[PDB]
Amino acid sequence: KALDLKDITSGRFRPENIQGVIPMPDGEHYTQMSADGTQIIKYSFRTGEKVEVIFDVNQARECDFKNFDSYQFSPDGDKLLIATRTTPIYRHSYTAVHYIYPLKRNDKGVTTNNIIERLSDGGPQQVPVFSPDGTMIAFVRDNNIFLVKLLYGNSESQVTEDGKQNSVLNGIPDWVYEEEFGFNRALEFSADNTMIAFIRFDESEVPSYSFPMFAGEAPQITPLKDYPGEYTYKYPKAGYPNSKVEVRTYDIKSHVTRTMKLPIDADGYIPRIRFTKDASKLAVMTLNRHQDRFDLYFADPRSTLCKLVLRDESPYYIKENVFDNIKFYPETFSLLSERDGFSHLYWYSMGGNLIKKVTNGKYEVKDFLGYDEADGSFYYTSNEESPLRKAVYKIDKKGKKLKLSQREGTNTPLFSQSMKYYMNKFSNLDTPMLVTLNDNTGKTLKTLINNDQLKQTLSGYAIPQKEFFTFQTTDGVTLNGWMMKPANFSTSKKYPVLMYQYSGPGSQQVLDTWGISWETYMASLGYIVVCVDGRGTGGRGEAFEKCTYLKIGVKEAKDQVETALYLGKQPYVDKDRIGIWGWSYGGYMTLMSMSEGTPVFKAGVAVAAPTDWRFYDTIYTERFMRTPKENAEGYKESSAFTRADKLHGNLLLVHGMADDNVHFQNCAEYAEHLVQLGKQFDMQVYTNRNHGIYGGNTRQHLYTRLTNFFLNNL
């Protein structure tokens, strides 16, 4: 009956789902890994029926591994590439030991008894990728590119030889490009399988950063039991130099390497490369350092000449999410753009001329899912119903729009290769997770998962319920929030309040989707829990998000104060027992809101918080703030240091000491500022932990610490 935090932290209430869903090249089937990671099994998109087991570690020949982590198909589906021993590096990068598995059917009529072969005889590999004809795989290892020719006995050749850790990266981004342009690979085959292209990152002049590593626990780093070690990598802080970047091509036949003569500012960016359907056209996406001029080039991989295809210019900045929504077709390509104030889908000719604006209106297109070359329909997700929701839509060749989603909430689709079917994952405030198979019209073909068991289990517990609300700030802005109330709620009682937020640019926490979290636990203890997405958050167009430009944090903190004030006007909240907390930008926002000047907060917890933007990285910080050289006044007003003497309420600072994202420096420097100001506060510092602060009992310990801090300090 009573909600138990350990059940929350252990994932007891995580809804059933399907992991490792990979659509097959035929457009009719998908595959999924079995629960134990022993098998890859093929299922029908049209019916959900199991077709056959495609791969099985207990049937494959020469298979030394017990489990695998992930897999991908070759483009024609005749082979699998299977990843084992996946070892994360940063958020998106990792190494793994990959294996090639052919799917030819055997004497007995099964595909499961074939010989598995190593991708490489050397060490683990990064970002392997098939050629369009499936005859080659390129991968990166020790910052160099390698090429394996599957029709040549898996013969391996070395494409680059100047890769050097902390100096030169070939085919993979450095830390800041990876985190802030959100990708792990800059390595492409041309459409006729004759050229490789890659970005070469010269980070030799980027500043290095190092932090200590101890032995710790979960995992214990046993070589460090007596003397600590360290982790060193290149990380440019705001205004410092970024990697020098070049686009290079490798002629597979002739072994010749060339550099594309790309017009680009000396301090500009290349967020992505992508070969088109035209073997002579490599797309190169570029940004200026202000990140407000997105210039798309077509490079000839042999002549090295580049032509400007289009420029998308923002009055503020271009956002990273546009880059992976550019999909190339014969004769056309897609683009997401906020040029009219809202994220919308645009359809261009391969000559760079706009063919049509596919979507319009005061809502945001979230994902471009694809163009059906058969009938000319476009598929995409959008929040047209409401900033809180997401639905699947289709627009036919004549401009007719159809909402495919059957239920209102959060619909996440996964389309078949042919766009004929898709798997839908649906959630809302009281629907944990419904997984369905659907046709092109959105009609439900089969319910795979309804999580009735979880629903039954949860029925025996007293679970506080989320509800949405809106309110108007004193200057007339309407904000979306949710409120979770304790059991036996009464408007004649007086409740303490915990505010949760994240508040970062373009982000949203107030969404019609299901979850049980530490906030639910606090509500079960008798707290009213509230989350409001203030100004600067996403879902509501460019004007709402980018009104923070060049002076972030300030308006967001005002809107959190406004939220506390609105709550204080309610007869059932105790105005003196309002707490606030958050993680990452939400931790920074805890600091900014508690030192805003309006003394509304009794207590707060800041987890892994940036405290001065000069400590954070170039691409993210400068996107919103430009450089400290150009915007000293903005950095001043956005710093938590500047307003620290106005800190009001009992503060707990939490940080992982091995945080490669928001450096522990942020906490150490800010703590010392508070010491010299004479402010008293609490700390919890986690050994060897990164931005996610997890491992072993860490998460349970942390949320118990947060629980007790608010119990004691509210």
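Note that residue numbering begins at 1 and tracks the sequence as displayed.
532-540 and 294-302 differ in mean CA B-factor, and the higher of the two is recorded for 294-302. On average the C-alpha atoms of 50-58 have higher B-factors than those of the other stretch, with 660-668 and 50-58 being the two compared. Based on the entry's C-alpha B-factors, the most elevated value among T31, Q684, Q680, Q676 belongs to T31. Considering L437, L345, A606, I318 together, the PDB entry gives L437 the largest C-alpha B factor. Annotation for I8: C-alpha temperature factor in the middle third relative to the rest of the modelled chain, per the entry. In this PDB entry, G216 carries a Cα temperature factor that places it within the lowest third of its chain's modelled residues. Ranked by Cα temperature factor within the chain, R105 sits in the highest third according to the deposited record. Sort the modelled residues of the chain by CA B factor and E556 lands in the lowest third. The entry lists a Cα temperature factor for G182 that places it in the lowest third of the chain's modelled residues.
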